[PDB]
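In mature numbering (1 follows the signal peptide of the UniProt record, and there is no 0), the protein residues as written are 10 to 395.
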Ligand SMILES: [Ca+2]
């Protein structure tokens, strides 16, 4: 019994995607997913029947230490990207290649360059980034993966591949963009930013990108109601970018908590005090959250092309009361957000906060790998619930 009010004015070709980057690590850890009926089934087939038509995957250059131990977080590299890509294509879903251009998590605070580009002069790093993108894409193409979109960077609010100067950042952006353009004209190029609540932040970035002639088609944004202000602001701030620079807009990342419980043993990101919780922390609440973001992006008009749910299947590898036994898995398969081996690259965070999943209570599947009714949100927004 899940209610979802039809999204008014939702376009038929609206992108409904999910980012299941951790799916491979979880699978190797023994985690399994089922369907409505309760029978074991490939998550990708389940996602398809749910109305999902796009899949996002993060890609790190070298998410491993000198000895080959994954930093965790899914150990996402070009290899896993292709594995995931192939499966998505096999299920009639486009792929969104999200290049972090880093060996590990990239966000508004961490934009470290791949160890390989560690000490390279800007000129050489620029050409390296172009090569990497070009090779990576050609590789995916060879595997026969349907690539529909490419993200040049992840939440590049203040940096990219060790670069923090917007003049040099723009050049790296075009470098990656150039590779995409040469690979296929139909592929959309997107830049990803976050923190839309910051007064005039997106307006400034849009203008800056334009001043440096950065060639991109989609202006993507993250959206987590816990900290990113109101949906009215999101819609508004994105509409400006669209109207003023004629770019398509979209939400690259978003999610919500369906339970306050942590069934993994590793403390979760939400919910917590100080965080904004406009919807109840329940399956219905989570569905409302997603349905509203879709509405918010749709209200942008022609420019709003889609929404991406972030990690809807990063469920626990085992019960919370097996912490010790889980730690083993997280460490061996990198099925957690980070492994101790990531300390060499990020001694700050992952260095002494490595562990399991922090978003298992924000998935569309339960702790047992079974789909929650909130997974049907992707269909209901079209018609609604009887
Ligand atoms: Ca957890």
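Cβ coordinates follow ideal geometry from the N, Cα and C atoms, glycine included.
Residues bridged to residue i by DSSP?
i	result
residue 201	229
residue 169	172
residue 25	316
residue 304	DSSP lists no partner for residue 304.
residue 160	107 and 199
Can you say whether residue i is buried or exposed, counting buried as having 16 or more other CB atoms within 10 angstroms of its CB?
i	result
residue 205	buried
residue 219	exposed
residue 39	exposed
residue 109	buried
residue 233	buried
residue 325	buried
residue 213	exposed
residue 283	exposed
residue 12	exposed
residue 289	exposed
residue 70	buried
residue 20	exposed
residue 142	buried
residue 335	buried
residue 395	exposed
residue 122	buried
residue 231	buried
With a cut-off of 8 Å on the beta carbons, I'd call residue i and residue j a contact; round off their distance for me.
i	j	result
residue 180	residue 139	So it is not a contact: roughly 10 Å between Cβ atoms.
residue 160	residue 229	7 Å
residue 305	residue 81	Contact flag wrong, Cβ pair sits at about 32 Å.
residue 226	residue 197	5 Å
residue 164	residue 113	Actually they do not touch by this definition, with Cβ atoms about 13 Å apart.
residue 272	residue 376	4 Å
residue 342	residue 34	5 Å
residue 402	residue 158	Missing from the structure shown is residue 402; the chain here goes from 10 to 395 and no further.
residue 192	residue 134	About 20 Å separates the two Cβ atoms, so there is no contact after all.
residue 240	residue 321	Contact doesn't hold; Cβ gap of about 20 Å is too wide.
residue 166	residue 117	4 Å
residue 170	residue 120	7 Å
residue 42	residue 378	5 Å
residue 329	residue 274	4 Å
residue 24	residue 106	Not quite, the Cβ-Cβ distance comes to about 15 Å (not below 8 Å), so this is no contact.
For chain D, check one thing: does any of its Cβ atoms lie closer than 8 Å to the Cβ of residue i?
i	result
residue 96	The structure shown contains no chain D; it is built from a single protein chain.
Every unbroken alpha helix (DSSP H) inside the segment 306-385 [4 residues or more]: 332-342 and 358-362
Segments of 4+ residues assigned as alpha helix (DSSP H) that fall wholly inside the segment 96-143: none
Chain-ordered list of residues that sit, by beta carbon, closer than 6 Å to a heavy atom of ligand 2: This structure lacks ligand 2; its bound ligands are ligand 1.
Contiguous alpha helix (DSSP H) assignments of at least 4 residues, all confined to the segment 230-255: 240-254
Touch test, the segment 304-317 against the segment 48-57, Cβ-Cβ under 8 Å, three pairs minimum: no
Touch test, the segment 347-356 against the segment 374-387, Cβ-Cβ under 8 Å, three pairs minimum: no
Start-end ranges of the beta strand (DSSP E) lying completely within the segment 256-284, minimum 3 residues: 257-263
At least three beta-carbon pairs within less than 8 Å, the segment 358-374 to the segment 277-285: yes
Stretch-stretch touch, CB-based, cutoff 8 Å, three pairs: the segment 248-267 with the segment 290-306: yes
At least three beta-carbon pairs within less than 8 Å, the segment 97-104 to the segment 59-70: yes
contact_flag[the segment 66-74, the segment 13-20] where n(CB pairs < 8 Å) is 3 or more: no
Every unbroken beta strand (DSSP E) inside the segment 37-94 [3 residues or more]: 63-68
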